[PDB]
>>> print(open('final.csv').read())   # CSV, C-alpha atoms
chain,number,residue,atom,x,y,z
A,1,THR,CA,15.1,23.3,-20.5
A,2,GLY,CA,16.4,20.2,-22.3
A,3,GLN,CA,19.9,20.3,-23.7
A,4,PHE,CA,21.1,17.0,-22.3
A,5,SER,CA,23.9,16.8,-24.9
A,6,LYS,CA,25.8,19.7,-23.3
A,7,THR,CA,26.6,17.5,-20.2
A,8,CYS,CA,26.3,14.0,-21.5
A,9,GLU,CA,28.8,11.8,-23.4
A,10,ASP,CA,28.8,8.7,-25.6
A,11,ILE,CA,25.2,9.3,-26.7
A,12,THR,CA,23.7,6.2,-28.3
A,13,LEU,CA,20.4,4.7,-29.5
A,14,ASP,CA,19.4,1.0,-29.2
A,15,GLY,CA,15.9,0.5,-30.7
A,16,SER,CA,14.0,3.4,-29.2
A,17,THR,CA,16.1,3.7,-26.1
A,18,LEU,CA,18.5,6.7,-25.9
A,19,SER,CA,21.5,6.2,-23.6
A,20,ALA,CA,24.4,8.3,-22.5
A,21,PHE,CA,26.9,8.9,-19.7
A,22,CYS,CA,25.7,12.1,-18.0
A,23,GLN,CA,27.3,14.5,-15.5
A,24,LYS,CA,25.8,14.6,-12.1
A,25,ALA,CA,25.2,18.0,-10.4
A,26,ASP,CA,28.9,18.2,-9.4
A,27,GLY,CA,29.8,18.5,-13.0
A,28,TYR,CA,32.1,15.5,-13.3
A,29,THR,CA,30.6,12.4,-11.7
A,30,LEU,CA,29.3,10.3,-14.6
A,31,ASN,CA,26.1,8.3,-14.6
A,32,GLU,CA,25.0,5.8,-17.2
A,33,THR,CA,21.4,6.7,-18.0
A,34,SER,CA,18.7,5.7,-20.5
A,35,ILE,CA,15.3,7.0,-21.7
A,36,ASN,CA,12.7,5.4,-23.9
A,37,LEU,CA,11.9,7.7,-26.8
A,38,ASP,CA,8.7,5.8,-27.6
A,39,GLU,CA,7.2,7.2,-24.4
A,40,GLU,CA,7.2,10.9,-25.7
A,41,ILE,CA,7.8,10.8,-29.4
A,42,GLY,CA,5.2,9.7,-31.9
A,43,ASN,CA,4.6,9.7,-35.6
A,44,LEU,CA,2.1,12.3,-36.8
A,45,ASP,CA,1.4,11.7,-40.5
A,46,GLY,CA,5.2,11.2,-41.2
A,47,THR,CA,6.5,13.7,-38.7
A,48,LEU,CA,8.3,12.8,-35.4
A,49,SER,CA,6.4,14.7,-32.8
A,50,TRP,CA,6.9,15.4,-29.1
A,51,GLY,CA,4.1,14.5,-26.8
A,52,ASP,CA,2.8,11.6,-28.9
A,53,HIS,CA,4.0,8.0,-28.4
A,54,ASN,CA,5.3,4.9,-30.0
A,55,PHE,CA,6.9,6.3,-33.2
A,56,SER,CA,8.8,3.1,-33.6
A,57,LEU,CA,5.7,1.1,-34.6
A,58,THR,CA,5.3,3.1,-37.8
A,59,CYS,CA,8.8,4.3,-38.7
A,60,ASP,CA,11.7,2.5,-40.4
A,61,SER,CA,15.4,3.2,-40.6
A,62,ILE,CA,15.6,4.6,-37.1
A,63,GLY,CA,18.8,6.1,-36.0
A,64,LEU,CA,20.6,8.7,-34.0
A,65,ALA,CA,22.6,11.4,-35.9
A,66,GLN,CA,24.0,14.9,-35.7
A,67,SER,CA,22.0,17.0,-38.2
A,68,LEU,CA,24.1,17.9,-41.2
A,69,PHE,CA,24.1,21.6,-41.1
A,70,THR,CA,23.3,22.4,-37.5
A,71,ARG,CA,25.0,19.4,-35.8
A,72,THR,CA,21.9,19.1,-33.5
A,73,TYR,CA,21.3,15.7,-32.0
A,74,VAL,CA,18.4,14.1,-33.8
A,75,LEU,CA,16.3,11.0,-33.8
A,76,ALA,CA,16.0,10.3,-37.6
A,77,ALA,CA,13.7,7.9,-39.4
A,78,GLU,CA,11.5,7.2,-42.4
A,79,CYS,CA,8.0,7.5,-41.0
A,80,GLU,CA,4.8,6.2,-42.5
A,81,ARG,CA,2.2,8.8,-43.5
A,82,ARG,CA,-1.5,8.6,-42.7
A,83,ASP,CA,-2.3,7.2,-46.1
A,84,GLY,CA,-0.7,3.9,-45.1
A,85,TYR,CA,1.9,3.6,-47.9
A,86,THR,CA,3.8,6.9,-48.3
A,87,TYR,CA,7.0,7.3,-46.2
A,88,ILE,CA,8.8,10.5,-45.6
A,89,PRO,CA,12.2,11.3,-43.9
A,90,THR,CA,11.9,13.0,-40.6
A,91,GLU,CA,14.2,14.3,-37.8
A,92,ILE,CA,13.5,15.5,-34.3
A,93,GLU,CA,15.9,17.5,-32.1
A,94,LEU,CA,16.3,15.5,-29.0
A,95,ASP,CA,17.7,18.4,-27.0
A,96,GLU,CA,14.4,20.2,-27.2
A,97,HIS,CA,12.8,18.1,-24.4
A,98,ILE,CA,15.4,15.8,-22.9
A,99,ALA,CA,17.5,17.2,-20.1
A,100,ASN,CA,20.2,15.9,-17.9
A,101,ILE,CA,18.9,16.2,-14.3
A,102,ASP,CA,21.7,15.3,-11.9
A,103,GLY,CA,22.9,12.6,-14.2
A,104,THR,CA,19.5,11.2,-15.4
A,105,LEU,CA,18.0,11.8,-18.8
A,106,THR,CA,14.6,13.4,-18.1
A,107,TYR,CA,11.7,14.6,-20.2
A,108,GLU,CA,11.2,18.4,-19.7
>>> encode(input="final.csv", output="structure tokens")
Amino acid sequence: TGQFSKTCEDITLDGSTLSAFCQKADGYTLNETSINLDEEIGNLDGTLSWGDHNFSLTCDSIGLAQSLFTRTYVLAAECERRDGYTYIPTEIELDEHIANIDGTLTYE
């Protein structure tokens, strides 16, 4: 499951919306596609977490990166902890639960 980055190109982030140009089932037809990360990523006490929602409301310095050592595609931010004043850096590996299904970014 997941692994959209294997068959998607020009991966970008605007706000909380992840976009890319993804291969359709034929393996070469490209499709511009977007997916809103706020719909399935939230902030749990400073940790970006799958299955929660609306991380962007309590996280700053939001960006897309390739993780330094592993080169995994990550959503990275500084997220607010439960105490209401402490922030902590956090990364979540987007390929864990975002797939390319026939050219369309899809939660899986």
>>> atom_distance(input="final.csv", atom1="atom CA of residue 61 of chain A", atom2="atom CA of residue 97 of chain A")
22.2 Å
>>> atom_distance(input="final.csv", atom1="atom CA of residue 80 of chain A", atom2="atom CA of residue 62 of chain A")
12.2 Å
>>> axis_aligned_box(input="final.csv", around="segment 33-50 of chain A", padding_each_side="8 Å", output="AutoDock Vina command-line options")
--center_x 11.4 --center_y 10.4 --center_z -29.6 --size_x 36.0 --size_y 26.0 --size_z 39.2
>>> closest_residue(input="final.csv", among="A:60, A:96, A:14, A:78", to="residue 34 of chain A", atoms="all atoms listed in the file")
A:14
>>> closest_residue(input="final.csv", among="A:32, A:91, A:38, A:102", to="residue 15 of chain A", atoms="only C-alpha atoms")
A:38
>>> residues_around(input="final.csv", residues="residue 23 of chain A", least_positions_apart="3", cutoff="7 Å", atoms="only C-alpha atoms", output="list in words")
residues 7, 8, 27, 28, 29, 30, 31, 102 and 103 of chain A
